[PDB]
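Residue numbers (the authors' numbering), protein chains in the order written: chain B, 1 to 258; chain C, 1 to 258; chain A, 1 to 258. Quick reminder that beta carbons are idealized off the backbone N, C-alpha and C, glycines included.
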Ligand SMILES: Nc1nnc(CN(Cc2ccc(=O)[nH]c2)C(=O)CSc2ccccc2Cl)o1
Ligand SMILES: Nc1nnc(CN(Cc2ccc(=O)[nH]c2)C(=O)CSc2ccccc2Cl)o1
Ligand SMILES: Nc1nnc(CN(Cc2ccc(=O)[nH]c2)C(=O)CSc2ccccc2Cl)o1
Ligand SMILES: [Cl-]
Ligand SMILES: [Cl-]
Ligand SMILES: [Cl-]
Ligand SMILES: [Cl-]
Ligand SMILES: [Cl-]
Ligand SMILES: [Cl-]
Ligand SMILES: [Cl-]
Ligand SMILES: [Cl-]
Ligand SMILES: [Cl-]
Ligand SMILES: [Cl-]
Ligand SMILES: [Cl-]
């Protein structure tokens, strides 16, 4: 069942651990590195400089490590990096960084990126994230761990999707989504916290209730942004889980000297 | 002159009626059955167990019969079934069922499914439906006959699109769409009935007027849901066409004992 | 370092200037003409009658010059035309015209059409336009020069996107967008003029201020449409830039005899 299909193209410069597979008609461009036990499906296109970790499954029609088309980037020799145990479904596009930001697009471990999703220049994904069909990260988007972006979720240049956060389908996210928050619609608004994926992480009930309290503070008490960050302080010493939520909201607003 | 391109891959286990064609670089995975007079374009990917009926036209970059990525499904050996005279345009994805629901994703006859559309695990399509570009059925979605989903229509797990119904472009359907109803926007709201595709079916004028009356009852009289189902009763004996509309609304709301 | 890959398929009827390149597994259907210095990536599909100008870059999974699926078109032998210095990113679909309108889909010069974008039957694109990821022109859409459609912008049959206009991401454009106007959301509303791409064109400050005045007139003074066209008259003699804006608004409303 013999590993690297002969109908596939591998650059001499590319370099692949022993038990990597490549389906037919797939291209492994120059400067592409593929870690142990990874599988490249048929009709894939890898371009470098790109570093793909161990035990990844990448499917057909996927164009992983292409240049961003954005005119900003004029071909400077930037990187893409993918961790281990990731799944990249049919037709996904992942673009390498631009020198303008950190010169690298980056994906962690255990992520599920479903069909026709896009991950633009300089975006950065943590672990156990799910990007559903046609989710699109315009560029320099940071997605912290466990986040779930429902189908056709759109995320504007530079937004931070905090951890365990959740976008509903057709969400149009123009600004940061705090840890644990559920957001919906065009343009994205906050609704609740994601109690779902909190029970899934086996959070204590005190921690859940405390996170509801925390939501209520920010949003439904109309404190200012600053006013609420202040309130949470207590809540956040008490519960590392809340801490995260305060910390998300923190480094979204620095504001100016009024 | 030559039917099945030599550059295409056909599993020994696959089985294809005499005058089937397959374009180059297309893969017909194991357990894939293709009925009389069907045409598979170039760069297609079929995976099984999948049964494709007669006189279908499937285009390039289409991944028909892949497993749903949803973690729910752990590889149990489920099915896809496609009827006759269907068209599947460029880049369509169709996923086979999960044992959790009916273990089968199902498509009827005479359907037009346009480019980059998605038909998730366990979805079920009738006949003469049109799914326009990038329409997406999250899973277990039933689309009854003649329905038209305009481009980039999104349909949440388990929703029923009643017959002759119509979604506008970028519709975000979170709940059932009754027979004949036009819905628009994010989130989808009702606007009118689809008089268009009623004239197309050559409905009697009494039947059209009766269907307007019926709409008005449900929606624009603010009867309850139950209250309206009651009203329609008369309307629905009188006109098989209305009957359908009542029947759609019926088995969307069972409610609980208050 | 010999230009047309041997694993690619070229119709004898197709015709390609000397220094054209074609990547592997790409098909150049009959009646396809490709101008000097153009590059066709791997796994592309060209179909004709199609005329592609000079120095274009077309990427993988792109299906350029296929028939529109719309049932309106019954195979009449219509055309696609693409100018020079265009970029067509991964997975783009471009459909040839229908005899019903002008029998031709048309693209000018220096345009950037990003991944998974769609350009339906009879649409018409000027120069230096950017269509971002998954932008979709349903059909007979005219996009005048310098226009920018942010990602997942949807444009209903027959709309005119005036020059330097700008749609935000997930915009759902059901009606004309005047020159220079910024529109956002579902359904698209007007917000501002696109001062951005005005500074980019090096417009005089008088011209910018005059264009703000002009916006204010149409929209924020609630003159009628006709009433405002009247006002602009002066503004529009004075400034060719305004002229454009009046002219966009003009041939969107002919109205009827009341
Ligand atoms: N609101 C809501 N609740 N459950 C869901 C499912 N889901 C998100 C999801 C979560 C986990 C997972 O594995 N897949 C999808 C979606 O994005 C629904 S929309 C969708 C799903 C699959 C394919 C394409 C689309 Cl548009 O949506
Ligand atoms: N408002 C409205 N009424 N009819 C239309 C056309 N249509 C629906 C349609 C009708 C017939 C058919 O054969 N295909 C699509 C659309 O989906 C419009 S949006 C669209 C069309 C083609 C590709 C992609 C998109 Cl976003 O738009
Ligand atoms: N409001 C706003 N202003 N600029 C933007 C960014 N932009 C447009 C853009 C403009 C020029 C260019 O070369 N690339 C992107 C977008 O399409 C944002 S959404 C996006 C971008 C790239 C891929 C996919 C998506 Cl959804 O959004
Ligand atoms: Cl709440
Ligand atoms: Cl409380
Ligand atoms: Cl009505
Ligand atoms: Cl009446
Ligand atoms: Cl009324
Ligand atoms: Cl020029
Ligand atoms: Cl110019
Ligand atoms: Cl440009
Ligand atoms: Cl014209
Ligand atoms: Cl002034
Ligand atoms: Cl004002």
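How big is the Cα-Cα spacing for residue i and residue j?
i                      : j                      : result
residue 130 of chain B : residue 172 of chain B : 17 Å
residue 25 of chain C  : residue 25 of chain B  : 8 Å
residue 47 of chain B  : residue 50 of chain C  : 33 Å
residue 55 of chain A  : residue 11 of chain B  : 26 Å
residue 176 of chain C : residue 168 of chain C : 15 Å
residue 32 of chain A  : residue 20 of chain A  : 13 Å
residue 161 of chain A : residue 22 of chain C  : 40 Å
residue 73 of chain A  : residue 198 of chain B : 52 Å
residue 38 of chain A  : residue 166 of chain A : 29 Å
residue 178 of chain C : residue 61 of chain C  : 33 Å
residue 109 of chain A : residue 217 of chain B : 53 Å
residue 68 of chain C  : residue 133 of chain B : 11 Å
residue 57 of chain C  : residue 163 of chain A : 39 Å
residue 257 of chain B : residue 226 of chain B : 13 Å
residue 118 of chain C : residue 4 of chain C   : 27 Å
residue 196 of chain A : residue 98 of chain C  : 50 Å
residue 208 of chain A : residue 233 of chain A : 17 Å
residue 190 of chain C : residue 213 of chain C : 15 Å
residue 115 of chain C : residue 66 of chain A  : 11 Å
residue 251 of chain A : residue 231 of chain A : 16 Å
residue 30 of chain C  : residue 8 of chain A   : 27 Å
residue 202 of chain A : residue 210 of chain A : 15 Å
residue 183 of chain A : residue 70 of chain A  : 28 Å
residue 107 of chain A : residue 188 of chain C : 34 Å
residue 137 of chain B : residue 180 of chain B : 19 Å
residue 248 of chain A : residue 193 of chain A : 13 Å
residue 1 of chain B   : residue 16 of chain B  : 18 Å
residue 261 of chain A : residue 206 of chain B : Not covered by the structure: residue 261 of chain A. The range shown for chain A is 1 to 258.
residue 78 of chain A  : residue 96 of chain A  : 6 Å
residue 18 of chain C  : residue 91 of chain C  : 26 Å
residue 238 of chain C : residue 244 of chain C : 12 Å
residue 229 of chain A : residue 27 of chain C  : 59 Å
residue 86 of chain B  : residue 36 of chain B  : 13 Å
Could you round the C-beta distance between residue i and residue j to whole angstroms and report it? I think they count as a contact, below 8 Å.
i                      : j                      : result
residue 135 of chain B : residue 121 of chain B : Rounded, the Cβ-Cβ distance is 16 Å, inconsistent with contact.
residue 144 of chain A : residue 126 of chain A : 5 Å
residue 113 of chain A : residue 148 of chain A : Wrong, their Cβ atoms sit about 12 Å apart, outside the cutoff.
residue 84 of chain B  : residue 41 of chain B  : Not really, about 18 Å apart at Cβ, beyond 8 Å.
residue 63 of chain C  : residue 93 of chain C  : 5 Å
residue 151 of chain A : residue 154 of chain B : 6 Å
residue 157 of chain A : residue 139 of chain A : 5 Å
residue 111 of chain C : residue 185 of chain B : That belief does not hold up - the Cβ atoms of residue 111 of chain C and residue 185 of chain B are roughly 30 Å apart, past 8 Å.
residue 260 of chain B : residue 246 of chain B : The structure shown does not extend to residue 260 of chain B, since chain B is modelled only from 1 through 258, so no value can be given for it.
- Query: Mind pulling the beta strand (DSSP E) runs of 3 or more residues that sit fully within the region 116–171 of chain A?
  - Reply: Taken in chain order, the whole beta strand (DSSP E) runs of length 3 or more contained in the region 116–171 of chain A number zero.
- alpha helix (DSSP H) runs wholly inside the region 183–223 of chain A, at least 4 long, in chain order: Listed in chain order, the complete alpha helix (DSSP H) runs (minimum 4 residues) inside the region 183–223 of chain A are 195–200 and 205–218.
- Task: With ligand 4 as the reference, list in chain order each residue whose Cβ lies under 7 Å from any of its heavy atoms.
- Result: Here the residues come out as B:192, B:193, B:212, B:215, B:216 and B:220.
- Message: Under 6 Å, CB to any heavy atom of ligand 3. Which residues pass, going along the chain?
- Response: In chain order, the residues positioned with their C-beta nearer than 6 Å to some heavy atom of ligand 3 are B:70, B:71, B:118, B:120, B:136, B:138, B:154, B:156, B:157, A:130, A:132, A:133, A:148, A:150, A:151, A:152, A:168 and A:169.
- Message: Just to confirm the assignment: which complete alpha helix (DSSP H) runs, minimum length 4, are found wholly within the region 45–96 of chain A?
- Response: List check, alpha helix (DSSP H) in window: nothing returned.
- Listed in chain order, which residues are found with a beta carbon closer than 7 Å to a heavy atom of ligand 10? The filter returns A:127, A:128 and A:145, in chain order.
- Going along the region 151–166 of chain A in order, which residues come within less than 8 Å of chain C, judged by CB to CB distance? Residues 152, 154 and 156.
- Query: What residues from the region 14–44 of chain B come within 7 Å of chain C, judged by C-beta to C-beta, listed N to C?
  - Reply: Within the region 14–44 of chain B, the residues whose Cβ lies closer than 7 Å to some Cβ of chain C are 25, 42 and 43, listed in chain order.
- When Cβ atoms are compared, which residues of the region 108–121 of chain C fall closer than 7 Å to chain A? In summary, the residues of the region 108–121 of chain C whose CB is separated from some CB of chain A by less than 7 Å are 112, 114, 115 and 116, in the order they occur in the chain.
- Task: Would you list, in chain order, the members of the region 173–197 of chain B that have their beta-carbon closer than 7 Å to a beta-carbon of chain C?
- Result: Of all residues in the region 173–197 of chain B, the ones placed with a Cβ closer than 7 Å to any Cβ belonging to chain C are 185 and 186, in chain order.
- Message: Tell me which residues of the region 83–103 of chain B have at least one Cβ-Cβ distance to chain C shorter than 7 Å, keeping chain order.
- Response: Contact annotation: in the region 83–103 of chain B, residues whose CB is within less than 7 Å of a CB in chain C are 87, 89, 90 and 91.
- Task: Pull out every residue of the region 57–69 of chain C whose Cβ sits closer than 7 Å to any Cβ of chain B, in chain order.
- Result: Flagged, chain order: 61, 63, 66 and 69.
- Item | Residues from the region 135–148 of chain A in contact with chain C, defined by Cβ distance under 8 Å | If the cut-off is 8 Å between Cβ atoms, the region 135–148 of chain A has 136 and 138 near chain C.
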